[PDB]
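To start, the structure itself, in structure tokens.
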Number of protein chains: 2
Amino acid sequence: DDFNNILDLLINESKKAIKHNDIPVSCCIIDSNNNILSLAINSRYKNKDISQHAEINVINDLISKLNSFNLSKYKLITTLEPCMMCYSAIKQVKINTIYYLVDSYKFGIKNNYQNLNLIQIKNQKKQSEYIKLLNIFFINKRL
Amino acid sequence: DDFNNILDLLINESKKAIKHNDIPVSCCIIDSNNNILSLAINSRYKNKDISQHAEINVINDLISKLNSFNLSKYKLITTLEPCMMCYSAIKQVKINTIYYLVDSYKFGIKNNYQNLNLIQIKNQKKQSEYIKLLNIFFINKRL
Ligand SMILES: [Zn+2]
Ligand SMILES: [Zn+2]
């Protein structure tokens, strides 16, 4: 069901990061009516910037659009559960909800954490496609 | 005693952030022989970038200098105890030691946290000067 079109776009965009050896992650920020306002992909290693995960990129995008650091009436949708750096960045701009498709433990160590709802997206098919994408990425990099 | 000259430089540099309404924070990264390799100040609101705290700025500086994300044989010296976003960024580049002059609770909420030593700098005089700086900043902004 949920976010089928949005997840289609995010999954398709996350592939663009594989060129530059970045983990394929993409995310967007939506308003109360599920309109996408900002879209971003992971570009840390592409631009040699420790901060340029997809989450911080989309946050900075909406900040530039609104000329405001208060993003409290928007929500974030990401393909992969954010890291603690990006999690803290999300809480500092006052976004109260993170929808994620794949949790942080399927490919790594679980994150340890009130003011922020962390919701798993129910869409086994999109989740399966994206997990396939990540598996291919990691095994092709171990090469 | 400790880091008297380095703290003099950091405190003097942190003043440059007050122009652009940024919290006066400055930091550097040193090697095993206490040579400064990278120096940075806080510029979040100056450049509308949620990530541009002084810690992430100095990390990105050293990354550009070394063309490497492995900073495990360097340590970080900051005037103010880092936030959790910057803390996670520091741990992700594998810096194992953070020297801080003023802890996070004197002006805010205490941070809640192994692989990372968090050391308070013993220098009551520099600490007093910097605390004075921060007090003047915050009260002048409440205006
Ligand atoms: Zn992240
Ligand atoms: Zn910070």
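Quick note on labels: first sequence line is chain A, next is B, and so on, each numbered from 1.
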| query | Can you check side-chain contact (heavy atoms from CB on, under 4.5 Å) on A/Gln127 and A/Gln120, steps first, answer last? | reply | CA-CA 10 Å; A/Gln127 191 190 43; A/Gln120 166 97 55; 3.3 Å; yes
| request: Treating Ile, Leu, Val, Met, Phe, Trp and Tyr as nodes and any side-chain heavy-atom pair under 4.5 angstrom as an edge, say whether A/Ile139 and A/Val102 lie in one connected cluster. | output: no
| Under 4.5 Å from a heavy atom of chain B, the part of A/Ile50 involved | both
| Where do A/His53 and A/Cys86 land on the side-chain contact (heavy atoms from CB on, under 4.5 Å) test, with the steps shown first? | CA-CA 7 Å; A/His53 276 172; A/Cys86 293; 3.4 Å; yes
| request: Sort out for me which of B/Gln52, B/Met85, B/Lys91 touches chain A most, counting heavy-atom pairs under 4.5 Å. | output: B/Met85
| field | Side chain / backbone / both / neither for A/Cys83 at chain B, heavy atoms under 4.5 Å | value | side chain
| task | Have a look at B/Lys126 and tell me which of B/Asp2, B/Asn4, B/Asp8 forms a side chain to side chain donor-acceptor pair (under 3.5 Å) with it. | result | B/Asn4
